[PDB]
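Reviewing the structure listed below.
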Amino acid sequence: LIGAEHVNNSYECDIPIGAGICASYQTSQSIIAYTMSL
Amino acid sequence: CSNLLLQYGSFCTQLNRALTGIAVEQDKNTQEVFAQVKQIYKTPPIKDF
Ligand SMILES: *[C@@H]1O[C@H](CO)[C@@H](O)[C@H](O)[C@H]1NC(C)=O
């Protein structure tokens, strides 16, 4: 994955990717990738 | 081989769309079974039931 910065915290994801990690647009504001919160 | 594949690229599009639909269907299938609740309940430390 390129263009998305990984962050250790977890929120509820909206755009699925696979293997338990999604991507989302969150605070400027940029696209981030994080593990899903069940 | 690719120069003759533009006459069946429509068929290839149908196959790719069917496989993508199958994949997203299988991804959705797990959500309708195990994700019944949206709150994760922790087991109590007391095991006296
Ligand atoms: C997230 O926090 C954990 C807490 O120990 C740390 O180990 C990890 O390096 C952090 N990740 C980032 C990307 O800051």
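Here Swiss-Prot sets the residue numbers for chain A, with the shown residues being 650-676, 689-699 in order.
Note that Cβ sites are derived from N, Cα and C of the backbone, with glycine treated the same way.
As recorded in Swiss-Prot, the features of this protein are as follows:
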type     : residues          : note
CARBOHYD : A:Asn657          : N-linked glycosylation site
DISULFID : A:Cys662-A:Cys671 : disulfide bond
CARBOHYD : A:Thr676          : O-linked glycosylation site
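Everything Swiss-Prot records as a feature, shown here on the structure.
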residue: A:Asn657; record: N-linked glycosylation site; contacts (Cβ under 8 Å, 6+ apart): A:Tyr695
residue: A:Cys662; record: disulfide bond; contacts (Cβ under 8 Å, 6+ apart): A:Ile670, A:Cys671, A:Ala672, A:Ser673, A:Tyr695, A:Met697, A:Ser698
residue: A:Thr676; record: O-linked glycosylation site; contacts (Cβ under 8 Å, 6+ apart): A:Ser689, A:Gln690
Residues among the recorded positions A:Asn657, A:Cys662, A:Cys671, A:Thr676 that border ligand 1 - Cβ under 6 angstroms, in sequence order: A:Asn657
